[PDB]
Structures are given as structure tokens and as C-alpha cells.
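Nothing in this text is a laboratory measurement; each read-out follows from the coordinates by a stated rule. Backbone-built Cβ (ideal geometry, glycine too); neighbour counts: all protein chains shown.
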Amino acid sequence: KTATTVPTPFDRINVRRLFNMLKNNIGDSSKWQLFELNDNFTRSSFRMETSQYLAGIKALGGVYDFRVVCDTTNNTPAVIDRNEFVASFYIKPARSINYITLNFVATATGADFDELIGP
Amino acid sequence: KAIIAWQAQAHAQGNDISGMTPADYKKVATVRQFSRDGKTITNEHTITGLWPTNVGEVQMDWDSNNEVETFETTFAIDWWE
Amino acid sequence: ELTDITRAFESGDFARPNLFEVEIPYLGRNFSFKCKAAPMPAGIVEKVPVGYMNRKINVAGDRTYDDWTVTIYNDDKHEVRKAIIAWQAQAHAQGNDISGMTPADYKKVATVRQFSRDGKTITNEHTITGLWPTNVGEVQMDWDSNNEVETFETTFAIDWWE
Amino acid sequence: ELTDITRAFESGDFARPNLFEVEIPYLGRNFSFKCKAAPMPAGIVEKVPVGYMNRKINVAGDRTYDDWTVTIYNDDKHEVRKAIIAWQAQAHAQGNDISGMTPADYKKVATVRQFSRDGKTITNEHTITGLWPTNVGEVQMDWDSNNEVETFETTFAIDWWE
Amino acid sequence: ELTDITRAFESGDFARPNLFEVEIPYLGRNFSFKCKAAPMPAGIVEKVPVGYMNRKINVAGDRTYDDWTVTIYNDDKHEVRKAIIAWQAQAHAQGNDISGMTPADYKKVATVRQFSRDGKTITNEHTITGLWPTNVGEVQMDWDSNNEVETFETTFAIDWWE
Amino acid sequence: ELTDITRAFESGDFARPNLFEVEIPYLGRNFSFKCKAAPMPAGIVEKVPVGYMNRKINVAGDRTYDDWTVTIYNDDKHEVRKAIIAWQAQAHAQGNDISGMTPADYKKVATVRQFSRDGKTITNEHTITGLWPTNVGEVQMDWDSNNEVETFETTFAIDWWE
Amino acid sequence: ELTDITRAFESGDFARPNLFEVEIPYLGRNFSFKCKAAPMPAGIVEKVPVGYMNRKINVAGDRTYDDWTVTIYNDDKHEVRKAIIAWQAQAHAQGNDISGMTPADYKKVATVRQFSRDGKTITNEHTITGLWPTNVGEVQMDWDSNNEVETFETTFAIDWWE
Amino acid sequence: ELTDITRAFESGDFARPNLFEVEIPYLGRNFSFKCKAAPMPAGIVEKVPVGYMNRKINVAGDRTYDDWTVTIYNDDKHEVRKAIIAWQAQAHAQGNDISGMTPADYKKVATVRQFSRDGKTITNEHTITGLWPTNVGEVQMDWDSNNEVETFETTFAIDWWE
Amino acid sequence: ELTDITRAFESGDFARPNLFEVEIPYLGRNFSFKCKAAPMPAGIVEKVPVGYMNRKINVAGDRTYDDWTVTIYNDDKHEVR
């Protein structure tokens, strides 16, 4: 547990360190788009590279699935005219086992498993 | 110089004996075909995991006058979509 | 939008397949003016297929190099052809001897350059390390072969280029 | 700077692929005037690859020689063709005999020369040691093959050239 | 009547000799993606001949099993090969010790599966009981063995399969 | 006289090594369409030498039979392979049991047929008495073994054929 | 799901069967650059069958090791081959003497390493304890064996590896 | 770091498997020019296993030597083959006699040399002590065996080499 | 020094593996023209090892001979066979 008292998705240490690993990689790849134009090529470049990166994490099993959203649906001209560029990553991180419950049932002689359980 | 400097990550050109992990030297690429209105894209295939297996020779020659310089390059691919 | 092709030549022009020279220090200045043609080298890194289930994915194999083949004009006193053979004679003696020097002796350095369309300026330059002449070509002399200057191919082995 | 090409011909000219003659003492003077074409020999030294880690470096292998193939005009009484076959007949008897002389007998010396553009002057001269005719070519005679002089190829083996 | 062959694939297809995986719980998930090849086991019941007069009739002998041999891709840090040897080290200590654990400790369970041509679906699944690695193969490393990924064979003993 | 070879096929044709089927009642219709190959059985009667003076004359020994080995295509749900092993399981139990039925139970009858080149007509038919599967072959599954359908050998013992 | 194969190389790559070196302290640095090939050792623990009723279950036998065989390039002054034989000469004297030193003298330590595809980095390293050369291979010299560098096999015995 | 391979040839080159000669004083100079091939000898010291508990450690056994087999070109008057058989005739008389000389008489010394790639210089030289020809090979003469020179193998026994 | 190989053929040539004939008086002249192949015989004298201390030295054993195998062309009336 991280030190949070309010609930939040970034509660467990593994989720925190996952989003650190992503932010500290994509937050480097994106540096190469500073002082570019916000043209169609810049957008497709940043979509393809970061998708290629997250596909690696998806295969190794850090995230169940992800989407990269980066086009005219958010880089509207009202963003362009103030020298800004935007992208959104939707990421669902892996669960984990935390609580293990084992039941032992001390059944009788007779009373066989072909009747109770039925293989 | 850029294509060879890309290939140099797959296996070092020159006197080194080195090369980076596959995650580093693989890249994405895209082919498009336009409509006869030059504004409009009608078909678009991504190609996943390019890298340059062979950068072609340039056959330079004093009798080869009145052409611009061209060379072939042969990428390997993993799949296309 | 046709002017967009100008992005293909920000540097000022297309490269030209004839504005080149070859320097081989072992052979003096005059070789550079006698070398007619030379392919700027290939760079080959053969793929390895790794199979999974019923599909295959590729990974980088190990680099290799092909031979380097030039073509030469020959002068009336064979100042090049006698020199190339006398170089090869160090790799394994031509004639009745059975001898040849150590690799440190018969290997040489060479350099290929391509000029800008201003003839003063060099824009690309590759050194080739450890040339030696594996094959000095025949000259196909013939009384019907009139109205050409004499040329022959030569095929050097190389260790790498940079 | 275009005059720089003059460095390619300090000797006075380019060599010409037709100003040549072949001398074979065994066959008299007249062979030298009947020999139409002859490649000035190749010199071949095949490379050996030595692997280290995942790269390879080349070293000089061991010299070898290809055959030497000339082409001949034939005269109306076959003074060359009968002589070449009668030479080959010493290497292994043509016809119904089963015989052939010692190598010291059927081997011969030969010489290739290239002249300057002044026809008086010889500028390059290679001896070829131990010729003998491995293959005397067919003459493809045909009633439709009108308006040519008769020519045939001959392929000598050689031991070395100098 | 050629359509009759469709009776050979009522189930939807022929089985494919490459749509398979091997699971060995002891070695984690990653082994299942590193195992290249594995024969789905043989089942052997050797015949006994019973003689009568001068003829012989056969009766069922007693079941036996051969070893099970897989082939593995190895990664750059040997996460499989070090684990397989560290498993074998429990059967009899590798190095300078003279020790080995009880059979209950070094025996393990393993599972072979074959998928349908829809990659979601498992159609056959055999458990193999009491694996242990009798022989971990050599890796034949060599500077001339360029352009392959590293593979080795491993030969497990088995008690039975179901 | 070359037409004389027609005496070799009075019956209408040569027999063809692929126009055949195998029937095994125990396994239903579908086995007959899944059986790829099967040798029509050998008949062996080993000679006995009887010596007289210093020469030997031969007399008929006592008849014996080799095993009968077929090859099978396997479908995506293993409807044959699970059935063959479940048949063998009666001869000696596969898995953790130590049991097996009487010979009258696990023995079965089987039939091999060869058709005429009219696919309607059966021209030769041998019954094989008392099959049981002594060895069900491995399937050599491998990620490099792409572009084949899955096949395995099976080796039945036999008592006789007629 | 084809990207799943990336789990087979979390470490960054497949291991490569040529990125290796062998160190043998007794022979100095130069041996490590002259050793062409060497199998990374096998680990063998032969099974013992224990019978119960009419079935058999396996248990771990006792560990054994095969010999270790390398292959060497030889230099023009035999600095390796004379050293390997001069090492073997301590195990039992070559020539006319009948002598050999104590095992503590002629046994040596050796090390095999495999590098990452960054040539700086060692990822696996096995020591081999108590080498000595049981067999130094012939060199099959022959006038027709042209265009190869001289190589020979050597077969060391080993006590264990770690 | 690829230049590191130069440490493999500080001496100036790799040794070459064809730059060799064999001298046998008994047979004069001419044998050395007629010997086509000869393995530079093996050196064998077979291991002895010493068991402790359930492991085994190796110790040096006792040196042994295999035979030495050369291959020879034969001349038109058999000046070698008649001499080799006339040497063997001292070990045990060929033909109708039943005789053979003392070991001091039929044993001979022999020497193998390997040259540097400068043909003047000898870099390795082994004497072989106590040759004699245990087996002079057949010559497989045949009217279809055209276009080869006659060669035969000969297998000498040896006592030791140095 | 390559001319030195001429010492290998002072006699005038290498021997040739096809310039041979076999005569067998019992079978007349014609057998000699029908015999296709015949190995010029081996001469075998098998070594005997004599042990001293832990080394072995060799001494000459006793001569033996293998069989001699020829190959024959057969004519239409089997005059050889």
C-alpha cells in the first residue's frame, strides 16, 4: 500500500511503479516532438511509436489492454493556435492475488465423491 | 547514412561486435495509396517490425551519365495490416 | 503540391551516380584518375526466422560482406595492371615460386568519395579496410574489337567499410 | 579540371584491345598472323573466410589458373588446324592408336604481346608456360552460313604465366 | 466419391503437428513459450509369443514407457537452462557435493496440450506424471555456426501419462 | 512381339499400390477413411538346411508372421488416437492401474481390401485375425514442422491372415 | 497473440550459439582467441528402473560426465599445438621416457563464457574443474586440401563443471 | 574489437594444411616429392575412472599410439611401389620364402615437416621413430576409372614421435 | 620451385589407373580383352604389440593375403561365364 487514505486507482505499490515506468518512457519519447509542427505526420508518428511500446507491455502482461487516443477528436484547431499538443492513454493495469482462501471439508466414509461432486 | 545507422543497431557495422535488443531496432511503417483527388487516402496498410536486412549497392560509374542516384533496400517484416 | 519534391533535395541536389573517385594509397595518385567504376558497398545482415506455434517472427542475424568489384582504364605501358598483379603476387606468388607474405603485408586501406555538383566539395566518404585483389580480370583482346579503350574488372576482398 | 584525365595516360595513350599478337614457337611465324583473338590471362587467388565470434575476416588462399582460349582464322589448306590436331595427337593419339608421349614432349612455351600505337614498339609481354591444346573447337560448316571466313576456338591448358 | 475424405475430418480439421504447447508448473509460465518441440508420447505393450505344435500365437505382455525428449529455445540470460540444471541438481548434486533429495522432492507433474485451429480452444490434453531431467543436452557452440538461435534437447524420464 | 506384355494384364490392368482400404469393425466406419497406408501382409516360411556328405538340401520349416504396421491421419479431436489407446488399455491398463482383460476381449478382427480401377469393385480381400495394438506411435510435434497434416504409425500384432 | 513469443526473450534476446569464448589460464591469453568451437557441457543422471508387479517406475541414478571436446585454429609456429602436447607430456611422457607427474600437477582449471549481444557483457560462465588433454587430434595434411585454415580437435577429460 | 583475431596469428599466419613434406631417408629424395598426404600424428592418453561413493574422478592412463597412414602418387615405372614392397619384404618375405630379418634391420626413421608461407622456412618438424609398412594398399585399376593419376594408401606402424 | 614436382615423374609420367590388362592362360587370349577391372594386390603384414612397463613397441607379425576380385564384361554366348 502506498500512503494514501483517500481511495484512488494508484493505491497498490505495483500499480504506482507501473505508471512510473510508463510515464518515464512515454515522457521521454514525447520529448522528440517538442518544436515539431502539429501536422498529420507528427500525430501518426507519436501514435505508432507509443502503441508499439505499449504492445510490448501488453504481451509481457503488465496491462490487459490499452488504447492510444490522438487525432482531430482532441487536437482541434482551438488547441493548435496556442502551441499545444495533446494525447490520451487509457490503460487497465493487471490485477493480483492478495487473499487466498482454502477450504478443507472432512467428509464421512461412504458418502462418495461420485454422488457429492460427480466427476 | 540514416538507413545504415539504423541497420548498425541490428549488428554493428565496422570493427565493433555488438547489436541492440529486438525491441530497439524494430520499427513501425505505413504504406498509403491516394485517390485521384490528392487530398484523400483510400487504402492504408501498417507494416509491423521493419528492419533493413540489406541496403543495396550504388553502382557508380563514369559512363552512367544522365540518371539520378537510386538504390534498393530490403526490409524484413513480421506482418502487415 | 508538386513543389513538395523539393523536400527530397534540401541538401541542394540529388546525388549523381558518376561524380565519384576511388583512392588507394598503395597505388599513388594516378590510380584515382584511372578507376572507371566502383559500387559504393552493400551492407548485408541476413534474417533469422524464429518459429512460434505455426507463425514465424524474424530476428537480426550476423553481418556479412560481399566482395568489392571495380573497373579500370589501362594505359599504354600497363602502369596499373602490372602494379595490381605485383600486389597480388604478395598474397600468393605468381609464376614458379611457392610463397606469400603475412596478412599484415598484403592488406591495404582504400577510400571511396562522392563529390557535390561543385567539384571542390566532398559530401560522402567511406574507408574500406583490408583490401587485397582476389581476382584481376582478363583483358579480352580481339582484332574485331575495334573502337574501344582497354578496360578490365578487378575484384577486391574487404574486411569492413566505414 | 577536366584536363586531369591526362594523368590516366602519362605513358602516351590508353592501351588498345586490338593491338596484340600471339607467338607460339612450335607453330612457326605464320600462326602469329592467323590468331584472331586471345584473352590476356586472368590471375585468381581465392579468398578463405576465418570466423571470429559472429564476424568473418578474409585471408589469402592458394593461387589457381583458368584455361586460355584463343580464336584462329583457318587457311584453305588447313596449315593451322592440321598442326594443332597433330600437336594434340602427342597428348593422346587421335584415331585407332592408344598412345601418348611424356609431358616433357607435348608441353610448349608461348608468348602474348601488346604493341604501342607505334607498331614498332612492344610495351607488354607475357610468357605462358606449358601450353597444350585440351580442346580444338568444331567448325560449324553450313550452306546457309555464307559471307564469313572460317574461324574456330581452341582451349589451351596452362601451368602459369609471367 | 472423393468427397468421402470429409469423413476423416467430421471434427472440423486434421490435427496440426505444430499447434501445441507444453506446461511444466515447476518452471513458471515462460517455459511454455520457450519449448520448441515435444513428441506426444508413445504407448508400448510388447507382445509375448506362445507356441503350440509348430505355430505361435501372440498374447499381451506388460506395458513399458520410453523417455520423453523435448527441445528448448534458450534466452540471453539462460533463465531456462540454469533452472533445468538446478532441478537436476536435486536428483544428484552437480559439482563437488555428493547428495540428492528423496524422490517425492525432485519428481514433478507436466502437461502437453494440442490446440484447435481456433487458438482459443484445447482439444487434447495429456498429463505426464513424475518428470525429472535425466539428461540436459550440450549446446554445440561454434564460431562457424552463425545465423541460428540457440537450442538444446532435454530428455525427461516419466512414470506414466494420462 | 512387344504386345505380349498384355498377357501380364488379362484381368484388365496392373494392380495399383494406392487403390486400397482397411476396415476394423471395432473402430466404426470412419477409421477406414483415416487409414493412410498399410502393407498387405508378408508370408514367411523359413528354410531348414539338411546336410548330406558335404552338400546341403533345403526342406520347409515352420510358418511365422511379422507384425502389421499401418499409418493414420489424425483429426482435430483425436477420435482415432483416443480410441486406439483406449483399445490398448484393455491389453494392459494405461496410467496408475495394474490390470488387463482376457485375450478373448482385447483381440479383434480386421480386413484389408484392394479395389479395381472401377471404384465399385473389390478384387482382393484378406481378413487378419486377432489384431491388437502393440505400439501406438509418437506424434513428433514441433513449431518448425509447418505445412503437414498430423500422421502416426501403429503396429498391430496378428495371429494369421486369410 | 503472436506477440506472446516476446515472453521467450524477456532478458532481451535469444542466446546465440557463436557469441562465446574459452579461457584456460595454463595457456595464456592467446588460447582464448584461437579456440574455434566448444560444446557447453552436458549434465547426465542415468535413470534406474524399479519394478513392481508387472510395471516399472523410475528413480534417480548416479551422476556421470562425458568428455569435453574443443576445436582449435593453429598458427604458423604451432604455439598452441606444441603447448597442448607439452601439457599432455606431464600426464604420460611423449617419446622415449617412461614417466608422468602426480595428478595435482597435470590437472588444470578452465572457464567457458557466453556473451550478450553487447560484446562487453558476460551472461553465463561455467568453470570446468580438472581438465587434462586425453587426445590431441591428428591434423589431416594433404596437397589436395587447399583453401582451408588448419584446425584440429582436442578431447579433454573433466571431473565436474559449475 | 574484431581486430582481436590478429592475436590468433602473432606468428604471422594460420598454419596451412597443405604446406608440408615427408622425408624417409631409406627411400631417397624422390619419395618426399611423391608423398601426397599424411596426418600429423595423434597423441592419445586414455583416461582411467576412479570411483568414490557414487561419483567418479578421472586419472591419467598409459600412452598409446595409432598407426600412421600416408598416400602416394605412383610413377610410370613404380620406383616407389616396388621399393615399399621390397622394404616390407624384410619384415616377412613376399612370395615363396618363409623368412624375415631382425627388427633392427627393417625398422627405419622418418620425418614430417610443415613450412611457413615463405617456402624457404621450416616451422614445425616431427621425427617418427621405427616406421615399417604394415599394409601397402591396393591400386584399384579399372577401364572406367579414366582421368585420374594413380594413388595408393600405405599404413606404417610407429613406436613414437618427437 | 614448383617445377620440383617433375622429380615425381623422372620415369616419364604418373602411372595411370586404367592402362592395365589381366592374363589367365587357362581361359585363352579373349579373357584378357573381357576383364574390365582388377585391384593390383594388397600386401599385408599385421603388427604385434610387445608391452614393456606401461608402453608398447611394435614388431613384425606374419604375412597374410586377402582375396583378389575382378570384374568382367560378358558376351552374348557367355564364353567367359
Alpha-carbon Rg with Dmax, taken over the protein assembly as shown, Å: 39.4, 123
Chain B - mean residue ellipticity at 222 nm from DSSP helices (-39,500 (n - 2.57) per run, n ≥ 4, rounded to 500): -4000 deg cm²/dmol
Helix-only mean residue ellipticity at 222 nm for chain C, each DSSP H run of n ≥ 4 adding -39500 (n - 2.57), per residue, nearest 500: -3000 deg cm²/dmol
Label-point separation, H:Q140 to I:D62 (7 Å along Cα→Cβ), nm: 3.1 nm
Selection from D:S32, D:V50, D:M101, by position along the positive dipole direction of the stretch D:1-149 (Cβ): D:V50
Rounded to whole Å, sorted largest first: equivalent-ellipsoid semi-axes of chain A, Cα gyration tensor: 48, 17, 13
Convex hull volume of the stretch C:8-60 per residue (C-alpha atoms, cubic angstrom): 180 Å³
Size descriptor, Kirkwood hydrodynamic radius, that averages inverse alpha-carbon separations across chain B, Å: 15.5 Å
For E:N147, residues with placed amide H under 5 Å, excluding near neighbours: C:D62
Spacing of the two label points (7 Å from each Cα toward its C-beta) at A:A59 and F:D66, in nm: 5.0 nm
For the stretch F:79-162, the Rg and Dmax computed from alpha carbons only, in angstrom: 16.7, 50
Ratio of the Cα radius of gyration of the stretch D:101-146 to 2.2 N^0.38 Å, where N counts its residues: 1.85
Tail fraction, Cα-Cα pairs, the stretch E:20-162, threshold 23 Å, whole percent: 48 percent
G:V80 long-range amide H proximity, modeled H, under 5 Å: G:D75
Evaluated over the stretch H:30-77, the Cα radius of gyration and Dmax, each in Å: 20.0, 66
Amide H partners (placed H, <5 Å) of C:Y52, local residues excluded: C:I57
Karplus (6.51, -1.76, 1.60) ³J(HN,Hα), θ = phi - 60°, over the stretch B:64-77, in Hz, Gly and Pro reported as x: 7, 7, 6, 9, 7, 6, 10, 9, 7, 9, 10, 7, 7, 9
Point-charge dipole on Cβ atoms (K/R +1, D/E -1) for the stretch D:1-141, about Cα centre, debye to 20: 140 debye
Shielding score for C:70-81, defined as the mean number of other chain Cβ atoms within 10 Å: 6
